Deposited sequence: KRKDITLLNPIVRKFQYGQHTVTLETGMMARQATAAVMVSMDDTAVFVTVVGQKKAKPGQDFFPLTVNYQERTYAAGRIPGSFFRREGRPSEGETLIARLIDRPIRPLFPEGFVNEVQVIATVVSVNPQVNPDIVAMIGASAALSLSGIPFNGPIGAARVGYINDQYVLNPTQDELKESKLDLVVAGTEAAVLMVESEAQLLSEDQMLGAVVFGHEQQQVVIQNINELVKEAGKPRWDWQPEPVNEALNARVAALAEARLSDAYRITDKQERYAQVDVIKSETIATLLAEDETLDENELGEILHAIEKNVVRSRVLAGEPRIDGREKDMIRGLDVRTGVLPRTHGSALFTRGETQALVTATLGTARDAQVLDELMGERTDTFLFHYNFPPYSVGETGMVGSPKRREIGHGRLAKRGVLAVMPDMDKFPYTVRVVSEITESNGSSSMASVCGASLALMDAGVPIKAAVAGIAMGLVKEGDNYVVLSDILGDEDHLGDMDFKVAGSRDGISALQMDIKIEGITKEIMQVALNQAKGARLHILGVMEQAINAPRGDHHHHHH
């Protein structure tokens, strides 16, 4: 080579793979640019952010772009690639000091090894890049996928090691706390689902360590910017603790009445109307004889590319038939006739019903539930079946899907950091009962 260049290369071991960080050579005009690599699956992340904000619209323009290249795979030719841009956006957005100068993160997979998934590699890149960007960014985050094989947690399992796994769980967070979780599981227990979040959280620490050690070795100057010096509740967010709490002083283990109708539509193979509170979903299942999924899930939304519902799919997936036994392509559509935005934990329940109505031999019924948490000092309240307004509240909100015996899907967005464990278990164990309750009703239809 010719080499006028200076790339700084840090290389640490990770699980059984050797990660490798590299900055300084590519995209210099960019606030920060890193080439992250793991067993030659390489994502090239970039961070560019403003300089100065504009009239303070009082909002934070933050966008992340994940794009997978075909030459990356050695092939000749936005997907659910926007879903992975979702796994990058979720855990880093709240790591920004209370900020409105715009930032743009862009991960581009430039090389791929089918065994080493680029999605967590891209997170690490988004992590490193933002750290070197001296842009006000609370610490560095790590990223870890956790499987379960031969009954124990596994770090960043391969694409086919995942075949034996009963778990697929992604965790990202800081040295101090976990910030986001995306799990798909095989009806595993609240505890098993938790030995996962902590397992992976303890593992990311290696990543975070190498990043700060590299920000020292090459990281750019942290920008100064401290910031300036009209309705919101705090009040619902303040009577919130051992106070009655509001529109429907639902106690706090109250879940709301349901409406469960089956065979709602004439020419569909299966159907179910599920309405609980302000939300409503007309779910249908239709049988039939890229690719393949033989299990398809679609969302039709009302008026004026939500995949947080790949969640609903993950939620249902655990109960879908073995396929050698029910050989059919199954397609579930959830039509949200009405509501607040927040969900399908309801489309999970909806789908579970439609499928049954459709005559699909699903391993068990499945239901979804949205939980919430508020914590001041050390008095925390777990909210069961949170409604539209009980969110955007702060601290923590999570979702859980599953049958009567276990969890099929787990999602968590923890924004405060004083929450470690028994707490997370008080919550994750209350949500369990609240979930069995719902399954209780659905079972009557």
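Fill in: Deposited-sequence stretches lacking C-alpha coordinates, listed in sequence order
Unobserved in coordinates, per deposited numbering: 1-3, 81-90, 112, 244-304, 365-376, 392-405, 547-559.
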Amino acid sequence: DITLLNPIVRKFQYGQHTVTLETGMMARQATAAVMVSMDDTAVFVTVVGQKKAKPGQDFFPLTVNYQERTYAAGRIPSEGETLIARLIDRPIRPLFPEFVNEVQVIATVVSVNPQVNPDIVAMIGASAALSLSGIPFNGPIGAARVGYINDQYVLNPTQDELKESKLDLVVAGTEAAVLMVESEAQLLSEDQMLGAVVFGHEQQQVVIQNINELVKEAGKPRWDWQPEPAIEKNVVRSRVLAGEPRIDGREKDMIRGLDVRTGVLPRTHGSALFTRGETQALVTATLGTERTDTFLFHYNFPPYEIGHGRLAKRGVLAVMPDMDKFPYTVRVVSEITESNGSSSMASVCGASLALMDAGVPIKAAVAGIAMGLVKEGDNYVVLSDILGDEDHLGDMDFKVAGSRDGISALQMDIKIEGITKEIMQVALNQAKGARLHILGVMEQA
From here on, numbers count along this sequence of modelled residues.
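Practice prompt. Select between 407-415 and 46-54 the stretch whose C-alpha atoms have the higher average B-factor in the entry.
Written response: The stretch with the larger mean CA B-factor is 46-54.
Worksheet item: Is the mean CA B factor in the deposited entry higher across 327-335 or across 138-146?
Response: It is 138-146 that shows the higher mean C-alpha B-factor.
Worksheet item: Going by the deposited entry, which of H269, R237, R90, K363 has the highest CA temperature factor?
Response: Answer, based on the entry's C-alpha B-factors: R237.
Discussion item. In terms of recorded Cα temperature factor, pick the maximum from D191, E305, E202, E184.
Written reply: Of the options given, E305 has the highest CA B-factor in the PDB entry.
Item to complete: Divide the modelled residues of the chain into thirds by Cα B-factor and specify which third, lowest, middle or highest, holds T23.
Response: As the PDB entry reports it, the C-alpha B-factor of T23 lands in the lowest third of its chain.
Worksheet item: How does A30 rank on Cα B-factor within its chain, lowest, middle or highest third?
Response: According to the entry, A30 has a C-alpha B-factor in the chain's middle third.
Practice prompt. Pull the Cα B-factor of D119 out of the PDB entry and bin it into the chain's lowest, middle or highest third.
Written response: For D119, whose C-alpha B-factor we compare with every modelled residue in the chain, the answer is the lowest third.
Discussion item. Ranking every modelled residue in this chain by its Cα temperature factor as given in the entry, which third contains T63?
Written reply: Middle third, going by the recorded CA B-factors of the chain.
Discussion item. Taking only the Cα B-factors deposited for this chain, tell me whether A318 sits in the lowest, middle or highest third.
Written reply: Middle third - that is where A318 ends up once the chain's C-alpha B-factors are sorted.
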